[PDB]
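Asker: Provided herewith is a single structure, encoded as structure tokens, for subsequent inquiry.
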Number of protein chains: 2
Amino acid sequence: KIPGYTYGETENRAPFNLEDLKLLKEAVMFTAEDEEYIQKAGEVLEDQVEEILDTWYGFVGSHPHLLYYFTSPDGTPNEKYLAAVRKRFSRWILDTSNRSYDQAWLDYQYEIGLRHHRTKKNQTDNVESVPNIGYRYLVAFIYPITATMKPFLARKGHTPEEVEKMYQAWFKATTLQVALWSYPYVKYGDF
Amino acid sequence: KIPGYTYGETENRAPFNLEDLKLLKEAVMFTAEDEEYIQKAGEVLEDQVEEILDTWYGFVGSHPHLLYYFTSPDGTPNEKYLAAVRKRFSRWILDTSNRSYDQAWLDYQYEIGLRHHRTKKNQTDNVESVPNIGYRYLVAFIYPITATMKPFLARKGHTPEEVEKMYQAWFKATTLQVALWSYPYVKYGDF
Ligand code: HEM
Ligand code: HEM
Ligand SMILES: [Xe]
Ligand SMILES: [Xe]
């Protein structure tokens with residue numbers, strides 16, 4: 001029901017598999033305990049998803065060199081572009097929470113990588129905009145994406161310890177995903 | 001006095017400048033306030049640097065697909081490789097704390113990127129080892145590098161809020177650096 005959202009119906013197999021994923025879970029110190037807590041993160045954020053997106057887009061719109069990546073060629077924000085991506089972004093909050101990180105998940109990670117990269121940016125929504133998001137910012141955004149989240153994890157009044165556990169699980173999953181999304185950016189053989 | 005440590009004597013200008021740096025700072029939400037806590041972070045960690053490195057190498061050593069990047073071709077850890085890098089790693093804890101992030105700093109960021117990449121890996125210490133560290137792990141390590149650090153920031157018995165501030169400043173600086181280190185990995189024009 002979400003236009004452009006193709007989880008489980010992607011054209012490509014990811015170039016990484018569940019063996020790659022396990023080693024790389026290990027590199028970010030992600031275990032079964034984080035599965036439980038990322039899932040608990042979802043139940044807690046699910047309600048608040050609108051406010052979260054406003055927090056996030058309000059940080060994005062605040063910074064012209066960041067808003068830039070949603071702009072029409074004339075410099076003005078493409079509002080169709082913003083609204084469509086927003087729906088798919090909101091769904092990723094829940095996917096990160098609720099999906100098995102199996103091969104269909106990996107296939108979508110690869111896809112999300114391709115859509116930030118020049119390979120597939122601007123094709124999902126059929127818009128004219130900047131061709132590529134500099135990978136430097138994909139990495140940088142790990143910070144605000146985790147930050148932005150933490151206050152929201154506190155709002156159903158969970159213990160600070162449980163909030164800390166959901167925040168760490170989230171920090172790890174975001175780091176894990178951004179690391180996968182670098183594939184189409186990274187010189188072949190260097191990934 | 002630290003062999004291979006060439007901060008301020010690198011042979012290349014970085015391909016990024018202080019204008020690039022200001023916009024990346026902004027992407028990771030790093031401000032003057034973080035300057036004052038990263039500097040505080042240094043005073044707090046300075047003492048404990050031995051123990052920190054043991055924690056970090058003990059995480060590295062316990063994962064064979066991670067230890068791998070310090071191995072001789074026969075699979076055994078190169079001990080002359082580990083010890084030399086350890087000295088330069090320990091200095092980076094203090095550089096991140098104390099340096100002005102100016103052009104000489106950026107030039108060294110580029111260098112550190114080059115040394116993880118095939119471009120320069122294994123030349124500093126004149127060792128034979130694996131040619132390249134897959135960028136996926138540079139990104140992944142943002143997590144353990146921040147997590148490792150947090151307990152150490154608590155040890156001089158600072159209040160949790162000051163500890164929270166030093167930890168965030170550290171999370172941001174590590175994210176900022178790893179984003180810069182991706183340069184030699186990323187397809188030209190995609191950075
Ligand atoms: C932690 C880093 C990031 C996360 C977690 C993230 C998250 C997302 C998600 C979930 C989508 C929707 C994917 C889909 O189902 O189609 C998306 C698309 C997009 N994001 Fe990001 N993103 C990150 C970095 C960035 C950065 C640095 C920018 C620059 C402002 C950005 C701007 C965009 C744009 C323009 C699209 C649409 C791309 C296209 O045309 O398909 N993202 N992002
Ligand atoms: C947040 C991510 C990382 C940080 C903060 C970091 C930190 C450092 C530092 C400060 C140095 C010394 C640079 C110098 O002055 O020469 C170094 C070198 C090195 N690190 Fe990392 N590193 C990261 C990712 C990784 C990963 C994923 C590995 C894989 C185990 C790794 C293994 C190595 C190796 C093998 C060298 C020596 C490279 C050479 O031959 O010059 N690092 N790293
Ligand atoms: Xe977010
Ligand atoms: Xe560390």
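Here's how to read the names in the structure tokens: chain A, B, ... by the order shown, residue numbers from 1 in each chain, ligand numbers from 1 in the order shown.
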Running DSSP on the backbone, which parts of stretch 65-125 of chain B land in alpha helix (DSSP H), as a PyMOL selection string?

Answerer: chain B and resi 65-67+79-98+103-116

Asker: I'd like the neighbourhood of stretch 187-191 of chain A as a list in words, where a residue qualifies if any of its atoms comes within 7 Å (using only C-alpha atoms), though same-chain residues fewer than 6 positions away should be ignored.

Answerer: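 Answer for this query is residues 132, 134, 135, 136, 185, 186 and 187 of chain B.
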
Asker: Go ahead and write the selection's residues with N, CA, C and O atoms as a tab-separated table (two decimals), in the first residue's frame.

Answerer:
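Now in result_38.tsv:
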chain	number	residue	atom	x	y	z
B	132	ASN	N	43.63	-5.43	2.53
B	132	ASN	CA	42.55	-4.46	2.64
B	132	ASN	C	41.64	-4.82	3.80
B	132	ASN	O	41.45	-5.99	4.10
B	134	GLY	N	37.85	-4.59	4.63
B	134	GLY	CA	36.54	-4.30	4.02
B	134	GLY	C	35.85	-3.12	4.71
B	134	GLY	O	35.76	-3.07	5.93
B	135	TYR	N	35.50	-2.10	3.94
B	135	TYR	CA	34.93	-0.91	4.53
B	135	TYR	C	33.73	-1.22	5.46
B	135	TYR	O	33.41	-0.44	6.37
B	136	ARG	N	33.01	-2.31	5.19
B	136	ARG	CA	31.84	-2.66	5.99
B	136	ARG	C	32.16	-2.69	7.49
B	136	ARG	O	31.33	-2.34	8.33
B	185	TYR	N	37.90	4.48	-0.26
B	185	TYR	CA	37.06	3.32	-0.51
B	185	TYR	C	35.98	3.62	-1.51
B	185	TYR	O	35.49	2.70	-2.19
B	186	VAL	N	35.51	4.87	-1.51
B	186	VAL	CA	34.31	5.22	-2.24
B	186	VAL	C	34.63	5.59	-3.71
B	186	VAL	O	35.60	6.32	-3.96
B	187	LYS	N	33.92	4.98	-4.66
B	187	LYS	CA	34.00	5.38	-6.08
B	187	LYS	C	34.10	6.91	-6.23
B	187	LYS	O	33.34	7.68	-5.60

Asker: Using only C-alpha atoms, find each residue of chain A with at least one atom at most 10 Å away from an atom of chain B; report its shortest atom-to-atom pair and that distance in Å (one decimal), sort the rows by chain and rising residue number, and return the result as JSON lines.

Answerer:
{"residue": "A:20", "atom": "CA", "partner": "B:136", "partner_atom": "CA", "distance": 10.0}
{"residue": "A:23", "atom": "CA", "partner": "B:65", "partner_atom": "CA", "distance": 7.4}
{"residue": "A:24", "atom": "CA", "partner": "B:140", "partner_atom": "CA", "distance": 7.1}
{"residue": "A:25", "atom": "CA", "partner": "B:140", "partner_atom": "CA", "distance": 8.4}
{"residue": "A:26", "atom": "CA", "partner": "B:63", "partner_atom": "CA", "distance": 8.2}
{"residue": "A:27", "atom": "CA", "partner": "B:140", "partner_atom": "CA", "distance": 5.8}
{"residue": "A:28", "atom": "CA", "partner": "B:140", "partner_atom": "CA", "distance": 5.2}
{"residue": "A:29", "atom": "CA", "partner": "B:144", "partner_atom": "CA", "distance": 6.8}
{"residue": "A:30", "atom": "CA", "partner": "B:143", "partner_atom": "CA", "distance": 9.6}
{"residue": "A:59", "atom": "CA", "partner": "B:27", "partner_atom": "CA", "distance": 9.4}
{"residue": "A:60", "atom": "CA", "partner": "B:27", "partner_atom": "CA", "distance": 9.1}
{"residue": "A:63", "atom": "CA", "partner": "B:26", "partner_atom": "CA", "distance": 8.2}
{"residue": "A:64", "atom": "CA", "partner": "B:23", "partner_atom": "CA", "distance": 9.9}
{"residue": "A:65", "atom": "CA", "partner": "B:23", "partner_atom": "CA", "distance": 7.4}
{"residue": "A:66", "atom": "CA", "partner": "B:27", "partner_atom": "CA", "distance": 7.8}
{"residue": "A:117", "atom": "CA", "partner": "B:190", "partner_atom": "CA", "distance": 7.8}
{"residue": "A:118", "atom": "CA", "partner": "B:190", "partner_atom": "CA", "distance": 8.1}
{"residue": "A:131", "atom": "CA", "partner": "B:190", "partner_atom": "CA", "distance": 9.8}
{"residue": "A:132", "atom": "CA", "partner": "B:190", "partner_atom": "CA", "distance": 7.0}
{"residue": "A:133", "atom": "CA", "partner": "B:190", "partner_atom": "CA", "distance": 7.5}
{"residue": "A:134", "atom": "CA", "partner": "B:191", "partner_atom": "CA", "distance": 4.5}
{"residue": "A:135", "atom": "CA", "partner": "B:191", "partner_atom": "CA", "distance": 5.1}
{"residue": "A:136", "atom": "CA", "partner": "B:179", "partner_atom": "CA", "distance": 5.0}
{"residue": "A:137", "atom": "CA", "partner": "B:27", "partner_atom": "CA", "distance": 6.7}
{"residue": "A:138", "atom": "CA", "partner": "B:179", "partner_atom": "CA", "distance": 8.2}
{"residue": "A:139", "atom": "CA", "partner": "B:179", "partner_atom": "CA", "distance": 5.4}
{"residue": "A:140", "atom": "CA", "partner": "B:28", "partner_atom": "CA", "distance": 5.2}
{"residue": "A:141", "atom": "CA", "partner": "B:28", "partner_atom": "CA", "distance": 6.3}
{"residue": "A:142", "atom": "CA", "partner": "B:175", "partner_atom": "CA", "distance": 7.4}
{"residue": "A:143", "atom": "CA", "partner": "B:28", "partner_atom": "CA", "distance": 5.6}
{"residue": "A:144", "atom": "CA", "partner": "B:28", "partner_atom": "CA", "distance": 6.2}
{"residue": "A:145", "atom": "CA", "partner": "B:28", "partner_atom": "CA", "distance": 9.4}
{"residue": "A:147", "atom": "CA", "partner": "B:168", "partner_atom": "CA", "distance": 9.0}
{"residue": "A:168", "atom": "CA", "partner": "B:143", "partner_atom": "CA", "distance": 8.9}
{"residue": "A:171", "atom": "CA", "partner": "B:143", "partner_atom": "CA", "distance": 7.4}
{"residue": "A:172", "atom": "CA", "partner": "B:143", "partner_atom": "CA", "distance": 6.4}
{"residue": "A:173", "atom": "CA", "partner": "B:140", "partner_atom": "CA", "distance": 9.7}
{"residue": "A:174", "atom": "CA", "partner": "B:140", "partner_atom": "CA", "distance": 9.6}
{"residue": "A:175", "atom": "CA", "partner": "B:140", "partner_atom": "CA", "distance": 5.9}
{"residue": "A:176", "atom": "CA", "partner": "B:140", "partner_atom": "CA", "distance": 6.0}
{"residue": "A:177", "atom": "CA", "partner": "B:140", "partner_atom": "CA", "distance": 9.0}
{"residue": "A:178", "atom": "CA", "partner": "B:139", "partner_atom": "CA", "distance": 7.6}
{"residue": "A:179", "atom": "CA", "partner": "B:136", "partner_atom": "CA", "distance": 5.0}
{"residue": "A:180", "atom": "CA", "partner": "B:136", "partner_atom": "CA", "distance": 6.6}
{"residue": "A:181", "atom": "CA", "partner": "B:136", "partner_atom": "CA", "distance": 9.0}
{"residue": "A:182", "atom": "CA", "partner": "B:136", "partner_atom": "CA", "distance": 7.3}
{"residue": "A:183", "atom": "CA", "partner": "B:136", "partner_atom": "CA", "distance": 8.1}
{"residue": "A:184", "atom": "CA", "partner": "B:187", "partner_atom": "CA", "distance": 8.7}
{"residue": "A:185", "atom": "CA", "partner": "B:186", "partner_atom": "CA", "distance": 5.4}
{"residue": "A:186", "atom": "CA", "partner": "B:186", "partner_atom": "CA", "distance": 4.5}
{"residue": "A:187", "atom": "CA", "partner": "B:187", "partner_atom": "CA", "distance": 5.3}
{"residue": "A:188", "atom": "CA", "partner": "B:187", "partner_atom": "CA", "distance": 8.7}
{"residue": "A:189", "atom": "CA", "partner": "B:134", "partner_atom": "CA", "distance": 8.1}
{"residue": "A:190", "atom": "CA", "partner": "B:134", "partner_atom": "CA", "distance": 5.4}
{"residue": "A:191", "atom": "CA", "partner": "B:134", "partner_atom": "CA", "distance": 4.5}

Asker: What lies within 12 Å of residue B:50 using only C-alpha atoms, ignoring chain neighbours under 4 positions off, as a PDB file with N, CA and C atoms, in the first residue's frame?

Answerer:
ATOM      1  N   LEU B  45      40.294   9.945  29.999  1.00  0.00           N
ATOM      2  CA  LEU B  45      40.748   8.690  29.413  1.00  0.00           C
ATOM      3  C   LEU B  45      42.262   8.572  29.479  1.00  0.00           C
ATOM      4  N   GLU B  46      42.946   9.713  29.560  1.00  0.00           N
ATOM      5  CA  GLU B  46      44.397   9.746  29.373  1.00  0.00           C
ATOM      6  C   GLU B  46      45.084   8.691  30.230  1.00  0.00           C
ATOM      7  N   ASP B  54      43.615  -2.715  25.877  1.00  0.00           N
ATOM      8  CA  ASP B  54      43.421  -4.111  26.233  1.00  0.00           C
ATOM      9  C   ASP B  54      41.972  -4.511  25.985  1.00  0.00           C
ATOM     10  N   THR B  55      41.036  -3.661  26.402  1.00  0.00           N
ATOM     11  CA  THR B  55      39.602  -3.942  26.146  1.00  0.00           C
ATOM     12  C   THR B  55      39.337  -4.069  24.651  1.00  0.00           C
ATOM     13  N   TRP B  56      39.901  -3.163  23.885  1.00  0.00           N
ATOM     14  CA  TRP B  56      39.649  -3.092  22.460  1.00  0.00           C
ATOM     15  C   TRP B  56      40.311  -4.242  21.696  1.00  0.00           C
ATOM     16  N   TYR B  57      41.583  -4.485  21.989  1.00  0.00           N
ATOM     17  CA  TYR B  57      42.259  -5.629  21.381  1.00  0.00           C
ATOM     18  C   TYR B  57      41.746  -6.986  21.818  1.00  0.00           C
ATOM     19  N   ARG B  86      48.955  -0.522  17.885  1.00  0.00           N
ATOM     20  CA  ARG B  86      48.509  -0.201  19.241  1.00  0.00           C
ATOM     21  C   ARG B  86      49.039   1.165  19.728  1.00  0.00           C
ATOM     22  N   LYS B  87      50.326   1.425  19.516  1.00  0.00           N
ATOM     23  CA  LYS B  87      50.894   2.713  19.892  1.00  0.00           C
ATOM     24  C   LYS B  87      50.220   3.867  19.129  1.00  0.00           C
ATOM     25  N   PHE B  89      47.206   3.801  17.775  1.00  0.00           N
ATOM     26  CA  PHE B  89      45.806   3.827  18.171  1.00  0.00           C
ATOM     27  C   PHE B  89      45.659   4.617  19.463  1.00  0.00           C
ATOM     28  N   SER B  90      46.545   4.325  20.407  1.00  0.00           N
ATOM     29  CA  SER B  90      46.558   5.025  21.686  1.00  0.00           C
ATOM     30  C   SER B  90      46.755   6.547  21.527  1.00  0.00           C
ATOM     31  N   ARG B  91      47.609   6.940  20.591  1.00  0.00           N
ATOM     32  CA  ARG B  91      47.790   8.339  20.289  1.00  0.00           C
ATOM     33  C   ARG B  91      46.535   9.010  19.658  1.00  0.00           C
ATOM     34  N   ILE B  93      43.444   8.282  20.348  1.00  0.00           N
ATOM     35  CA  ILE B  93      42.532   8.612  21.446  1.00  0.00           C
ATOM     36  C   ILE B  93      42.780  10.037  21.937  1.00  0.00           C
ATOM     37  N   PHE B 152      34.724   3.631  30.551  1.00  0.00           N
ATOM     38  CA  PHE B 152      35.943   4.343  30.934  1.00  0.00           C
ATOM     39  C   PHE B 152      35.678   5.813  31.258  1.00  0.00           C
TER      40      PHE B 152
END

Asker: Mind listing the residues within 7 Å of ligand 4, only C-alpha atoms and all ligand atoms counted, as a PyMOL selection string?

Answerer: chain B and resi 52-53+56+145-146+148-149

Asker: Tell me, in Å to one decimal, how far atom CA of residue B:71 is from atom CA of residue B:129.

Answerer: 5.6 Å

Asker: With distances taken over only C-alpha atoms and all ligand atoms, which of B:159, B:48, B:100, B:72 is nearest to ligand 2?

Answerer: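 Under the stated criterion, the closest residue is B:72.
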